[PDB]
Amino acid sequence: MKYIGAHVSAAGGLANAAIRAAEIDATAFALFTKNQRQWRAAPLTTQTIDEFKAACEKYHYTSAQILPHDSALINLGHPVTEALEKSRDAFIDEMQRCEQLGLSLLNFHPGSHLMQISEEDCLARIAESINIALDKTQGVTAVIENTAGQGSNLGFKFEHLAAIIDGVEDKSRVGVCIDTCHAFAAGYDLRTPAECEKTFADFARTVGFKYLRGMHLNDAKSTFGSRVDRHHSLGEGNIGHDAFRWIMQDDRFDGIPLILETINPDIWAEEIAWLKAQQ
DNA sequence: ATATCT
DNA sequence: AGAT
DNA sequence: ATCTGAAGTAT
Ligand SMILES: [Zn+2]
Ligand SMILES: [Zn+2]
Ligand SMILES: [Zn+2]
């Protein structure tokens, strides 16, 4: 059983995310629990929480089918102490909002070294940030998303993900989400079934599927190994439709949120339908 | 710096 | 991308 | 149709 959806808008209230997901016949969904471009947000109200839970129940979205995404401002590997602490506090709040909403997963990008510290140093800070958040919360798994490798963003190599996991104390609450556009942009080919086999065997050897908690299904406007993060609708990008059919036919991607972050929301219902039909 | 993306 |  | 304000890619 596969859970297929998209990162829908939470405008007007978190419950609206569940409503919008149901509208496109999604069996999974992602969302921001607050403005992704602002540091502070009003505390969740009992009404917002209840309406969200009610909507999730009404449309059959269990926590295993929802993959919230954290703010874009957070840098869990920031080289400057003040900024690192600010990011950590915000991440803790993000995890706590998940707790309050009955969610069990939180997808986030690792962090960036900003050319001020070593890769190893940065990865260590990220692992510690996760350890701190896990010590302050319960029931929420920190899901590390791989990245395209733009600028000083880390997490573009599977080895980075493995290194962070190695530094996390409570292995039961850490995992990863693989974004196909990011992987492709970072140099992991997905243009043919054979390349997909190779790329995921690499993932298996380095990270291990036991840690896979979600997928972001995005084609790529950017090119192979370009290290540029630009999404595209399925089949219209440089990856092509083969990779997505392959993923839908592989049982290793069962029981986790498979999230579209494609650029034309007006065809999400159709993209979801197509993905389902590939199984 | 401006526009746009994630 | 969400609030106003 | 403007803020918010990390990090980054083009221009
Ligand atoms: Zn992401
Ligand atoms: Zn993504
Ligand atoms: Zn992306």
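Chain naming here is simple, since letters A, B, ... match the order of the sequence lines and numbering starts at 1 in each. All heavy atoms count here, side chains included; hydrogens, waters and symmetry mates do not.
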Quiz item: Would one find a side-chain N or O of A:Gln36 under 4.0 angstrom from OP1 or OP2 of C:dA1?
Solution: yes

Quiz item: Between A:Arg227 (CZ) and D:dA10 (P), how many Å, whole number?
Solution: 13 Å

Quiz item: Within the side chain of A:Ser63, is there an N or O that forms a donor-acceptor pair under 3.5 Å with the backbone of A:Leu103?
Solution: no

Practice problem: Rounded off to whole Å, could you give me the CG-to-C1' distance for the A:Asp70 and D:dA7 pair? | Solution: 13 Å

Practice problem: Mind calculating the distance between CG (A:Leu31) and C1' (C:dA1) to the nearest angstrom? | Solution: 12 Å

Practice problem: Using whole Å, report how far NZ of A:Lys221 lies from P of B:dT6. | Solution: 7 Å

Quiz item: In whole Å, what is the span from the CG atom of A:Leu73 to the P atom of B:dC5?
Solution: 18 Å

Practice problem: Look at A:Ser152 and D:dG8 and indicate whether a side-chain polar atom (N or O) is within less than 4.0 Å of OP1 or OP2. | Solution: yes

Quiz item: Please give, in whole Å, the distance from D:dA6 P to A:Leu76 CG?
Solution: 15 Å

Practice problem: Using the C1' atom on both, measure D:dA6 against B:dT4 and round to a whole Å. | Solution: 15 Å

Practice problem: May I ask you to say what A:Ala11 touches in the nucleic acid, namely base, sugar-phosphate or nothing, with a heavy-atom cut-off under 4.0 Å? | Solution: sugar-phosphate

Quiz item: Any chance the side chains of A:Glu145 and A:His182 put a donor and an acceptor closer than 3.5 Å?
Solution: yes

Quiz item: OP1 or OP2 of D:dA7 sitting under 4.0 Å from any side-chain N/O of A:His78?
Solution: yes

Self-check item: Aromatic ring proximity, centroids under 6.0 angstrom, A:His69 and A:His109
Solution: yes

Quiz item: Using purine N1 to pyrimidine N3 plus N6-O4 or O6-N4 for Watson-Crick, or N1-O2 and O6-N3 for G-U wobble, both under 3.5 Å, which nucleotide pairs with D:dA1?
Solution: C:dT4

Quiz item: Does A:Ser222 make a side-chain N or O approach to OP1 or OP2 of D:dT9 shorter than 4.0 Å?
Solution: no

Quiz item: Which whole-number value in Å describes the distance from A:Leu14 CG to C:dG2 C1'?
Solution: 10 Å

Quiz item: Are the aromatic ring centres of A:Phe209 and A:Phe253 under 6.0 angstrom apart?
Solution: yes

Quiz item: Partner of D:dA10 by Watson-Crick or G-U wobble geometry, both contacts under 3.5 Å, or none?
Solution: B:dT2

Quiz item: Salt bridge or not for A:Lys53 and A:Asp50, using N-O below 4.0 Å?
Solution: no

Quiz item: Contact class for A:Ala148 vs. all strands (heavy atom < 4.0 Å): base, sugar-phosphate, or nothing?
Solution: nothing

Self-check item: Closest to the A:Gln150 side chain, choosing from D:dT9, D:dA7, C:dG2
Solution: D:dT9

Exercise. Classify the nucleic acid contact of A:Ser87 as base, sugar-phosphate or nothing, counting any heavy atom under 4.0 Å across all strands shown.
Key: nothing

Quiz item: Think A:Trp39 has a side-chain N or O under 4.0 angstrom from the OP1 or OP2 of D:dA6?
Solution: yes

Quiz item: So among A:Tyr188, A:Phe158, A:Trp246, which one has a ring-ring contact (aromatic ring centres under 6.0 Å, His included) with A:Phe200?
Solution: A:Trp246

Quiz item: Out of C:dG2, D:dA10, D:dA7, which nucleotide sits closest to the side chain of A:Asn153?
Solution: D:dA7

Quiz item: Which nucleotide, D:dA7, B:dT6, D:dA10, lies nearest any side-chain atom of A:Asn75?
Solution: D:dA7

Quiz prompt | Residue A:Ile263, side-chain atoms from C-beta onward, closest of C:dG2, B:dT6, D:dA7 | solution = B:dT6

Practice problem: Go through D:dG8, D:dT9, D:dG5 for me and flag the one nearest to the A:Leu114 side chain. | Solution: D:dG8

Exercise. Calculate the interatomic distance between A:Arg40 atom CZ and D:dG5 atom P; express it in whole Å.
Key: 12 Å

